[PDB]
Structures are given as C-alpha cells and as structure tokens.
Amino acid sequence: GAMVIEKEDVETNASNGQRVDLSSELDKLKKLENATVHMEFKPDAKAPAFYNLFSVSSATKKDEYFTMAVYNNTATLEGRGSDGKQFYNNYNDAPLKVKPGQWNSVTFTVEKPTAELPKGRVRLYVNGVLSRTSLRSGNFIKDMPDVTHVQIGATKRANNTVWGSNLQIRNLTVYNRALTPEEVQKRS
C-alpha cells in the first residue's frame, strides 16, 4: 500500500505544548517525490487566526518549513526552502474555508514534474473538495535539506515553537503517491 505514516485519535492541548511530535517519521518523508497528506480534525472554536495543522520544520533554519495551516479559516499551504523562498503559489486567499469548532478534513497532494506535468503540481482540498491547484513547483521535503522535525500543531522553528492551537485529530495519513481529486472526495 501507499500509506507510509498513520496516526489516529490524538489531540493538541495545554498539556503537550499544543503539539504532537512525529519526528521519528521524518526519514519516510525526506525522499518522497509524489505524496498525499490527509488530516481529519476538529479545531477549537476559539482557535487563533493562524494555526498549523501539519508541518515539517527545522530547528536550524527558522525560515525553512512546509506547513498545511489555517489562516482566517482559510485552509492554506506554504513551502519554503533553504533560501526562505516560496515553493508554491499563494494559498492565503484560496477559496475554501474550514468550519470552526466542527469536524473537517484538509488534504494536500504533491506531484513531482514529469513529461505530463512539466513544472509539477500541488493541490489543497477541504472537506473533499479541491480549493486550489498550483503549478509553480512540485517541491516537497526532499527539497528542504535542513528539516529536523515533523508535527501536528505547534511547530519547532529555530529554538521557538509557534502556530499552536487546541485540535482533536481523528486521523492523519501520509501516502507515497498523489491521490486523484476523485480519490480525495472518496477519502474524505
């Protein structure tokens, strides 16, 4: 099967620094070329305007990280390399929003460049529905030489931990292939 990381029925809250660490799984992400990251979660009704759902980050380089996040209820995405520069098109004004204090899913896919996708392709979905496609790059963790940490919630950047919130996580699954949009609708 294509599933490489699976976590279920965890929570971020004041007792764990609003973080669930998954860093032992980093070696599985570092060489992925096509991937899907899917998470089913219920964010706090009182969550801050910006919070992380799932990130891969670096205790050595504060500006190099990958994050699926939620920003003013908008599901968003950022990938930044060793030079701090963006991997993908902007998602901060992408259309689809999460329902605060209610169960949602968010799914990210990445496809490396091929003859059929000459720049690669990234897609982000909310509750099974495609929000936005970006053909800027198909860059992912393999393109971040300095990453050290993987987590749900509060994210290690340099020696600080940021972007925390209270989440209940029903499922977090990572696959080593990109689910098709139809597959994502069914998965959600």
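Draft legend 1. Inspection of the side chain of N171 at higher detail. Counting through the fold element by element, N171 comes out in strand β13 (residues 167-175). A relative accessible area of 9% places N171 in the buried class. Discounting chain neighbours no more than four positions away, the residues touching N171 are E6, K7, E8, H38, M39, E40 and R187.

Draft legend 2. Structural detail: the sheet that holds strand β8 (residues 121-126). The sheet built from 6 strands is open, its strands ordered β1-β13-β3-β7-β8-β9 with antiparallel pairing. Every other strand in the sheet has two partners, leaving β1 (3-12) and β9 (129-134) as the edge strands with one partner each. With direction set aside, neighbouring strand axes in the sheet form an average angle of 10°. Strand direction decides the pairing type here: β1 and β13, joined by 8 bridges, are antiparallel. Each bridged residue has a counterpart across the sheet, and for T12 the counterpart in β13 is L167.

Draft legend 3. Geometry of the side chain of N13. Topologically, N13 is positioned in the loop between β1 and β2 (19-21). Looking at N13, the relative accessible area reads 19%, which means it is buried. There is a polar contact of 2.7 Å between the side chain of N13 and the backbone nitrogen of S15. If near-sequence neighbours (up to four positions away) are discounted, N13 is found in contact with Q18 and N166.

Draft legend 4. Inspection of the packing of aromatic side chains at higher detail. This model, assessed by the stated rule, comprises 9 aromatic pairs. Relative to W163, the ring of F50 lies with its centre 5.5 Å away and its plane at 70°, an arrangement referred to as edge-to-face. Highlighted residues: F50 in strand β4 (residues 50-57) and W163 in the loop between β12 (160-162) and β13, separated in sequence by 113 residues. With relative accessibility at 27%, the residue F50 sits in the partly exposed group.

Draft legend 5. Up close: the pattern of salt bridges. For the structure shown, the criterion picks out 12 salt bridges. Here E25 and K7 are joined by a salt bridge, their closest N and O atoms 3.3 Å apart. Taken together, the residues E25 in the loop between β2 and α1 (26-30) and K7 in strand β1 connect sequence positions 18 residues apart. Looking at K7, the relative accessible area reads 26%, which means it is partly exposed. Note that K112 and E33 form a salt bridge whose closest N and O atoms lie 2.9 Å from each other. Of the two residues, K112 is situated in the loop between β7 (104-111) and β8 and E33 in the loop between α1 and β3 (35-43); the sequence distance between them amounts to 79 residues. Taking relative accessible area as the criterion, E33 reaches 37% and is therefore assigned partly exposed.

About the thresholds
Residues numbered from 1 in each chain as written, not as in the entry; some residues may be left out. Heavy atoms only, no water. Helix = DSSP H or I, 4+ residues; strand = E, 2+ residues; numbered from the N terminus. Buried < 20%, exposed > 50% of the residue type's maximum accessible area, 1.4 Å probe, protein only. Contact = heavy atoms within 4.5 Å. Pairing = 2+ DSSP bridges. Axes fitted to C-alpha atoms, helices over the stretch in contact; angles between N-to-C directions. Polar contact = N/O pair within 3.5 Å; in protein donor to acceptor, adjacent residues only side chain to side chain. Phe/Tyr/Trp six-rings, centres within 6.5 Å; stacked < 30°, edge-to-face > 60°. Salt bridge = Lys/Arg side-chain N within 4 Å of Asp/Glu carboxyl O.

Worth remembering: the numbers are spatial, not functional.
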